[PDB]
């Protein structure tokens with residue numbers, strides 16, 4: 017026989033992840049952010065001044081050279097602040113924030129949409145839909161209503 | 154399952170649709186590898202492999218349910234990249250196997 | 053003493069394989085934490101059976 | 053005194069590779085926290101064998 | 002709560018995404034991203050010669066695998 021004609025490359029090698037070092041110098045002046053929904057990024061290694069996440073334990077904020085950490089993202093909004101004083105908000109659907117001591121952010125999410133493409137009016141009907149689902153006694157619809165309200169209530173308070 | 158080898162087609166270019174793979178350890182075995190690695194000194198055992206000790210310790214602080222979501226999440230992204238790459242390879246090599254038919 | 057053993061437990065829950073290399077510092081903080089208790093206990097007995 | 057080793061175990065679990073870096077910063081206060089006890093204990097020892 | 006009900010964290014994320022795609026305004030963004038929430042796939046396992054659906058895991062997110 018032929019001695020293993022094929023040799024498929026390990027696909028992980030195609031990506032170029034960081035080498036998170038313990039740090040033998042100073043800290044950078046601005047985080048290098050990289051936001052990714054399902055497969056495609058909306059932001060790739062952009063310099064940014066600050067970022068504010070919403071997590072299950074609570075609401076967090078980050079700057080350059082924040083302590084190394086990794087954690088969930090509550091289904092809600094995400095605030096970002098560039099060095100130019102402006103801001104950028106993104107509605108998200110869960111995810112995992114990956115902050116580094118070098119100063120780097122890799123927020124892998126499922127969905128990421130700007131606020132501009134959302135209307136409070138369409139959210140309004142979905143509120144009472146979620147409330148009716150929660151009040152409808154059924155394990156198949158109750159938790160679906162609790163989750164729908166879990167995602168509308170942050171938007172409900174972010175819009176107002 | 155003890156190890157899941159995902160296989161797919163990698164689109165390097167219009168004239169390059171090769172194979173590619175992702176080697177997924179088991180969740181329990183990945184956590185045991187993480188605990189064994191979090192103790193000893195951080196040294197890479199393969200060229201081109203990135204160090205991950207600060208990550209494996211930050212995850213070592215992470216609770217059980219969140220680490221299980223970390224694993225099912227990143228394995229879901231791996232599977233999804235396999236699908237998007239094989240889809241692109243299907244639509245990329247089909248045109249060659251169409252113009253040769255013509 | 054309970055703070056030292058509580059630290060050894062939480063550390064083992066944080067790093068189980070490290071429990072063996074952290075144990076000499078747990079025994080050391082246990083012994084030296086008990087040392088001052090030992091001298092404190094020594095004084096109250098050295099206060100009575102010798103003094104008039 | 054126990055608190056120093058108690059936190060040393062936590063930091064050693066967070067980063068065992070820093071344990072070697074951390075035990076010099078651990079014994080120092082460990083003695084200097086114990087040192088006051090000696091200063092507190094020497095008094096009781098000095099209070100009796102010299103006073104009339 | 003929803004955790005102990007038997008659904009996974011992945012069904013949770015997909016449900017949240019399916020809800021978010023509803024509320025956002027109509028445009029090319031929604032016109033594309035509804036593809037990322039529509040359920041159209043299926044499962045099949047081959048018999049001796051015939052095709053049959055391995056329905057041990059439903060595609061709809063409200064259900065619970067068993």
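Chains as they are written, first to last, in PDB author numbering: chain H, 17 to 176; chain G, 154 to 255; chain R, 53 to 104; chain S, 53 to 104; chain I, 2 to 67.
Every residue, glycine too, gets a C-beta built ideally from N, C-alpha and C.
1. Just tell me which of G/250, G/176 and G/192 has its CA closest to the CA of residue 209 of chain G.
2. Chain I partners of residue 142 of chain H, CB-CB under 8 Å?
3. Could you check where the beta strand (DSSP E) with residue 67 of chain H kicks off and where it finishes?
4. Measure the beta-carbon distance from residue 56 of chain R to residue 57 of chain S and round it to whole angstroms, keeping in mind my assumption that it falls under 8 Å.
5. Taking 8 Å as the threshold (C-beta atoms), are residue 230 of chain G and residue 116 of chain H in contact?
6. With 7 Å as the limit, tell me which residues of the region 36-67 of chain H have their beta carbon closer than that to any beta carbon of chain G; keep them in chain order.
7. May I have the straight-line CA-CA distance separating residue 74 of chain R from residue 80 of chain R, to the nearest angstrom?
8. Does the separation of the CB atoms of residue 242 of chain G and residue 176 of chain G fall below 8 Å?
9. Buried or exposed, going by whether 16 or more other CB atoms sit within 10 Å of the CB of residue 234 of chain G?
10. Are any of the Cβ atoms in chain H nearer than 8 Å to that of residue 190 of chain G?
11. Please check if any C-beta of chain R sits within less than 8 Å of the C-beta of residue 54 of chain S.
12. Chain H beta carbons: is any one of them nearer than 8 Å to that of residue 160 of chain G?
13. Answer yes or no: does any C-beta atom of chain A fall closer than 8 Å to that of residue 76 of chain R?
14. For the pair the region 218-228 of chain G and the region 8-24 of chain I, tell me if three or more CB-CB distances fall below 8 Å.
15. Check the Cβ of residue 70 of chain R against every Cβ in chain G and list those closer than 9 Å, keeping chain order.
16. The region 200-218 of chain G: which residues have C-beta closer than 8 Å to a C-beta of chain R, in chain order?
17. Might you give, ordered along the chain, the residues of its own chain that have their beta carbon closer than 7 Å to the beta carbon of residue 98 of chain S, omitting 5 neighbours on each side?
18. Helix, strand or coil: how does DSSP classify residue 60 of chain R here?
19. Pull up the distance between the alpha-carbon of residue 129 of chain H and that of residue 31 of chain I, whole angstroms please.
20. Taking the alpha helix (DSSP H) that residue 185 of chain G belongs to, which residues open and close that run?
21. Can you tell me which of G/169, G/202, G/214 and G/174 puts its alpha carbon nearest to the alpha carbon of residue 246 of chain G?
22. Strictly under 8 Å for the Cβ-Cβ distance: is residue 149 of chain H near chain I by that measure?
23. Would you call the CB atoms of residue 97 of chain H and residue 6 of chain I closer than 8 Å?
24. For residue 66 of chain R, which of helix, strand or coil comes out of DSSP?
25. Look at the Cβ atom of residue 47 of chain H, then the Cβ atom of residue 67 of chain H, and state whether they are nearer than 8 Å.
26. Which of the three DSSP states, helix, strand or coil, is assigned to residue 113 of chain H?
27. Rounded to whole angstroms, what's the CA-CA distance from residue 119 of chain H to residue 61 of chain H? Just pull it up for me.
28. Straight-line CA distance for residue 37 of chain H to residue 211 of chain G?
29. Do residue 106 of chain H and residue 207 of chain G have their C-beta atoms within less than 8 Å of each other?
30. Any idea what DSSP makes of residue 95 of chain R, helix, strand or coil?
31. Under 8 Å Cβ to Cβ from residue 190 of chain G, same chain only, skipping five residues before and after it: list those, please.
32. Return no unless some Cβ of chain G is closer than 8 Å to the Cβ of residue 91 of chain H.
33. Under 8 Å between the Cβ atoms of residue 67 of chain R and residue 63 of chain S?
34. Count the C-beta pairs between the region 130-149 of chain H and the region 12-26 of chain I that are closer than 8 Å, then say yes if the count reaches three, no if not.
35. What do you reckon, are the CB atoms on residue 3 of chain I and residue 163 of chain H nearer than 8 Å?
36. Using a Cβ-Cβ cutoff of less than 6 Å, which residues in the same chain neighbour residue 160 of chain G once the five nearest sequence positions on both sides are dropped?
Let me lay it out:
1. G/192
2. 20, 23 and 24
3. 66-70
4. Indeed, because the Cβ distance is near 6 Å, the residues count as touching under 8 Å.
5. no
6. Cβ contacts with chain G come from 36, 54 and 55.
7. 10 Å
8. no
9. buried
10. no
11. Closer than 8 Å to some Cβ of chain R, the Cβ of residue 54 of chain S qualifies, so yes.
12. yes
13. Included in the structure are the protein chains H, G, R, S and I, with no chain A among them.
14. yes
15. Per Cβ cutoff of 9 Å: 191 and 192.
16. 213 and 214
17. Hits under 7 Å: none found.
18. For residue 60 of chain R, the three-state secondary structure derived from DSSP is helix.
19. 10 Å
20. 180-192
21. G/169
22. No, residue 149 of chain H does not count as interfacial toward chain I.
23. No, they are not a contact pair.
24. Helix, per DSSP.
25. Yes, they are a contact pair.
26. strand
27. 11 Å
28. 14 Å
29. no
30. helix
31. 205, 206 and 209
32. Not closer than 8 Å to any Cβ of chain G, the Cβ of residue 91 of chain H fails to qualify, so no.
33. no
34. yes
35. yes
36. 174
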